[PDB]
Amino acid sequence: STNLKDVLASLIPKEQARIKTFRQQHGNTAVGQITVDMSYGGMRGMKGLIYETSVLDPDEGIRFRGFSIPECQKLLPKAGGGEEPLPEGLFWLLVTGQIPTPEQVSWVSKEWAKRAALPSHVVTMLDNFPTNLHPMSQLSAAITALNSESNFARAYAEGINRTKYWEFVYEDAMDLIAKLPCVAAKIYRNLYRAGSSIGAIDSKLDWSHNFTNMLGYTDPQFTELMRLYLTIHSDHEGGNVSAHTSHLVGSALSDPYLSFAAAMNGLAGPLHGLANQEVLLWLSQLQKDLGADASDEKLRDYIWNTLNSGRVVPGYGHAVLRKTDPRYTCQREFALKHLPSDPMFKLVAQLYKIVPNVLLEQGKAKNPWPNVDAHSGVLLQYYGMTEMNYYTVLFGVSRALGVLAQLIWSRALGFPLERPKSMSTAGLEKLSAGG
């Protein structure tokens, strides 16, 4: 009775019409200007893409189809006896724009359970990878290697009319989200629990729960952390590196597997999702240098040394946000409720009182406040997931939700190839006069 595909079939034509008319009336309306500094500055401040699933406000933070994090916490269906929102429900919301029922949520969970399966070539590849090959690299290679199963790639090769692209994107998206946790978990076990198996999917559990089981964790609170983690990391508008990458790549009609893998290559950057890992490594050196309970003056010192060495302080700053990331706050609230006395948590809390001030003092960062990455690893470590080089994988798994939801829409709406004009410094100087 529940079928997302049928819901979308109704939704698509209305949005098409709506955008059509809008463009009819405002296509030539200017929404902004481009300056030399924006071009040199990684398009900072440039309104450049249409991305429907979520929109980030510089002061208020992210909204998912118009809802804030607290709103989601409050509205989305939870697990039986749970407190944290099920990522399945978030997916529904991103895709349809509507809050799902628990019934709808359970369908998503079954669907994902049904579609979870890995081809042998992929298993073989993962099992043959060296342990010194970073987890994100293993993840991206595996997803790329899965493209042999692409239903979209297959339909395209058959000559499908462009109007049906969305339908095949939808299938691969659902298939890929379903397989993610199996891939991710196989990496975890191969690297850190050599000789054991991820086991099988329980068609009766939610996606997060099957995932934690494959990871080998039994604590129920951990399952709850996972559900939250996976929900809040899902999407962050379209201009962030990973999302933009999926967008750009999909625009050329590469299948979702290839688009998602390219995205992961972007998430793996130190200035992007790798920060979650970098924060923990930074904290480890800290505690190692100074030792467990540091004084504020010592913390300051340590921060300055980093800045003075031509490095960034991981987990702080943002290209768009101008205040503390609500994702950070949300994590803080979780810690406060569950592991208030953890020394690492306490360290993280202490830095919140210090880092921003030093950054302010330094005068370079536009946003001296923390971002999501400053608070995620600390939670993970508490539950026994101490493998910091693996943290980004979790982020990657989450992010699939947002980017794949948009991807369906991009093709439904007929968005064309992303192809802006570039310029050379010399050409630009000429364009103006030069300086």
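For every residue, the number given is its place in the sequence shown, counted from 1. Here, rigid core means the biggest group of C-alpha atoms that superpose within 1.5 Å across both forms.
Rigid core fits of the other structures in 4 other deposited structures of this protein place the C-alpha atoms of one stretch farther away on average; of 146-154 and 189-197, that stretch is 189-197. The stretch that strays farther, by root mean square C-alpha distance over structures and residues in 4 other deposited structures of this protein after a rigid core fit, is 304-312, when 304-312 is set against 162-170.
Stretches compared: 249-257, 353-361. Higher mean C-alpha B-factor in the entry: 353-361. When 370-378 is weighed against 34-42, 34-42 comes out higher, by mean CA B-factor as recorded in the entry. Listed residues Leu299, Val95, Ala142, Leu283 were ranked by CA B-factor as deposited; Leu299 comes out on top. For the set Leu336, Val122, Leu76, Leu180, the PDB entry puts the maximum C-alpha B factor at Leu336.
In this PDB entry, the Cα temperature factor of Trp166 sits in the bottom third of its chain's modelled residues, the lowest group. When the modelled residues of the chain are ordered by C-alpha B-factor, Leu49 sits in the highest third.
Looking at the C-alpha B-factors along this chain, the one for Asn28 belongs to the highest third. When all modelled residues of the chain are sorted by CA temperature factor, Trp112 is found within the highest third. Annotation for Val320: C-alpha temperature factor in the lowest third relative to the rest of the modelled chain, per the entry.
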